[PDB]
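Notes for the structure review
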Amino acid sequence: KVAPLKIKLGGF
Amino acid sequence: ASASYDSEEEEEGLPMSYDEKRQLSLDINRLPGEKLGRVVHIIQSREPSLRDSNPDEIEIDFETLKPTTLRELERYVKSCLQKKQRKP
């Protein structure tokens, strides 16, 4: 379980 | 007859390396929410998928994003992270 290069701000 | 090995200056047209993209994510987290607001809009400009969600959440995918957007994110973050310390 690894996500690609992304980023969330705050929540998911 | 022979490729000249073009070295370009296409900001919005250059392929960004995974390393660059990695830094981008770091540089964005280096920005406070006040400044994050702009980078969010920069993405939304191309990404209507972010707009689809709540602007409270930033939606970035450094893979399917185009140089036009990616570099614009960079361009902004880097302008903010120039810092009076790095450049006195």
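Below is a short write-up of the structure.

A word on the interface of chain A and chain B. Taken together, the contact pairs 6 residues of chain A with 13 residues of chain B. Residue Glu 59 of chain B is joined to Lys 8 of chain A by a salt bridge in which the shortest nitrogen-to-oxygen separation is 2.8 Å. Linking chain A to chain B there are 6 residue pairs in polar contact. Partitioning the side of chain A that touches chain B into residue classes produces 3 nonpolar, 1 polar and 2 charged. As judged from the 2 bridges shared by strand 1 (residues 6-7) of chain A and strand 1 (residues 60-61) of chain B, these two strands associate in the antiparallel manner. The partner of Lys 6 of chain A across the bridge, within strand 1 of chain B, is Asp 61 of chain B.

A few words now on helix 4 (residues 67-80) of chain B. Residues and elements named next belong to chain B. Counted at 1.5 Å a residue, the expected span for helix 4 with its 14 residues is 20 Å, and the 19 Å between its end C-alpha atoms agrees. Regarding helix 4, the residues found buried are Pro 67, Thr 69, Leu 70, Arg 71, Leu 73, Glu 74 and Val 77. Among the structural elements, helix 1 (18-29) and helix 2 (33-46) are those in contact with the buried residues of helix 4.

Residues and elements named next belong to chain B. Contact geometry for helix 2 and helix 4: axes closest at 9 Å, N-to-C directions at 165°. Our classification of the angle between helix 2 and helix 4 gives roughly antiparallel. Between helix 2 and helix 4 the crossing geometry is right-handed. Contacts from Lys 35, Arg 38, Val 39, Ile 42, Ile 43 and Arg 46 of helix 2 reach helix 4 at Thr 69, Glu 72, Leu 73, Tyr 76 and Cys 80. Grouping the amino acids of the contact of helix 2 with helix 4 by side-chain chemistry returns 6 nonpolar, 1 polar and 4 charged.

All right, on to the environment of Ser 49 of chain B then. Residue and element names in this part refer to chain B. With respect to the helices, strands and loops of the structure, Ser 49 is situated in helix 3 (residues 48-52). The class of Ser 49 is partly exposed, set by a relative accessible area of 37%. Linking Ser 49 and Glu 59, residues 10 residues apart in sequence, is a C-alpha distance of 7.7 Å. A polar contact is formed between the side chain of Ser 49 and the side chain of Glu 47, at a distance of 3.4 Å.

Attention now moves to unusual backbone geometry. All names here are of chain B. At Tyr 5, a position not held by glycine, the phi torsion is positive, near 60°. Tracing the backbone shows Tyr 5 in the segment before helix 1. The backbone phi angle of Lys 83 is positive, close to 60°, even though this residue is not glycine.

The next point concerns the nonpolar core. The biggest cluster of nonpolar side chains holds 18 residues, and the ones touching the most others in it are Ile 28, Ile 58, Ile 60, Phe 62 and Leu 73 of chain B. Taken together, the elements giving at least two residues each to this core come down to helix 1, helix 2 and helix 4 of chain B. Here this core gets 5 residues from one element, more than from any other, and that element is helix 2 of chain B. Excluding residues that lie within four positions of it along the chain, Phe 62 of chain B makes contacts with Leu 5, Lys 6 and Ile 7 of chain A together with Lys 21, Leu 24, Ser 25, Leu 70 and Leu 73 of chain B.

Here is what the cut-offs are and how they apply
- Residues numbered from 1 in each chain as written, not as in the entry; some residues may be left out.
- Chains lettered and ligands numbered in written order.
- Heavy atoms only, no water.
- Contact = heavy atoms within 4.5 Å.
- Salt bridge = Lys/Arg side-chain N within 4 Å of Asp/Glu carboxyl O.
- Polar contact = N/O pair within 3.5 Å; in protein donor to acceptor, adjacent residues only side chain to side chain.
- Nonpolar A, V, L, I, M, F, W, Y, C, P; charged D, E, K, R; others polar.
- Pairing = 2+ DSSP bridges.
- Helix = DSSP H or I, 4+ residues; strand = E, 2+ residues; numbered from the N terminus.
- Expected span 1.5 Å × (residues − 1).
- Buried < 20%, exposed > 50% of the residue type's maximum accessible area, 1.4 Å probe, protein only.
- Axes fitted to C-alpha atoms, helices over the stretch in contact; angles between N-to-C directions.
- Parallel < 35°, antiparallel > 145°, perpendicular 65-115°, else oblique.
- Left-handed = near helix turned anticlockwise from the far one by under 90°.
- Core = buried A, V, L, I, M, F, W, Y, C linked by side-chain atoms within 4.5 Å.

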